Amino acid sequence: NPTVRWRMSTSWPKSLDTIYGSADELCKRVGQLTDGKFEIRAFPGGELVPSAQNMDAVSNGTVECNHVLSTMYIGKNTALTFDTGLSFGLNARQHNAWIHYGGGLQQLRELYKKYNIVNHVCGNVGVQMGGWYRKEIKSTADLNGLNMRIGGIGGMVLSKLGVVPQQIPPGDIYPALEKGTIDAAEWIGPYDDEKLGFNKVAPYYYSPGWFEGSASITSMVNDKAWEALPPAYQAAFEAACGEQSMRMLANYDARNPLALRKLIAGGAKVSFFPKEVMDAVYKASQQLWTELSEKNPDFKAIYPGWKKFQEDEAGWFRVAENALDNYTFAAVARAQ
């Protein structure tokens, strides 16, 4: 097999040894699998192109691949939200099940042909936190008029409640929050959020980030770059992505607990969103799916099967996984 050299434009700061670290691991593994012959170099967000351009830069061949949240690019097609995740959507396990064994990947591949891309799921961050605020969120009144940084489809939901959302890139969130040009910000969770500093300027940390059931990460590959690879190199990339689909989330799961404990020790006020706020955003989410199905044939094509899959998945996880986890987590706490 030949020597192949690619650039991977990520959307993340190097400081995030979780999500960026996973991109680096992916590249390293592809190298190992090919004796260094398939060399992919990852670049932090903003280095090669602004992260807002990471999809376009893959479609036009500027870079061979990226490492992104696909719904940053929601302005291209709202059906991209099936790739990243829907609000109150599938959890990480259920999402990977839908993708690989429920027909999701093939439906997304068809979508991505419109953009000269071959997509691969390559990570997940799980259920996100609800973000950082300067005041208590007691009711939906506290969301009306809020200038909030939020990535993904959740912005579209929150706009219905009067939030003014923006997908400001990660490295730019803290300076805006610090300056006060945004009032609130969500990123991912305790480990990453501590790295970026939001707790220094915002006292309240809410949970859960309903914004996605899980935030799944995608590597978009230029379709001509993909085609040019020999079969073993395609397999290397696929397997490395499948592996990071476990490993990235495993790193978050390992690292987040201590980070939260430290955030609380340092003064963060951690609270659940009130039930009434949860109900309001849930209802707004359901209204959004009705709208997107009516307006976007690509969303309409995927939604019904996706919805049936969620219904089946949720029913089963409620019976077994969650029956056990809810019991065990409480028993472990009592025993502590």
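The first residue of the shown sequence is 1; numbering continues from there.
Between 262 to 270 and 112 to 120, the higher mean Cα B-factor belongs to 262 to 270. Mean C-alpha B-factor is higher over 41 to 49 than over the other stretch, the pair under comparison being 41 to 49 and 66 to 74.
Between the residues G85, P257, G180, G209, it is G180 that shows the highest Cα B-factor in the PDB record. Split the chain's modelled residues into thirds by C-alpha temperature factor. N60 is in the highest one. When the CA B factors of the chain's modelled residues are split into thirds, the value for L33 lands in the middle one.
Annotation for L26: C-alpha temperature factor in the lowest third relative to the rest of the modelled chain, per the entry. When the modelled residues of the chain are ordered by C-alpha B-factor, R93 sits in the lowest third. Ranked against the other modelled residues of its chain, the C-alpha B-factor of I168 as given in the entry falls in the middle third.
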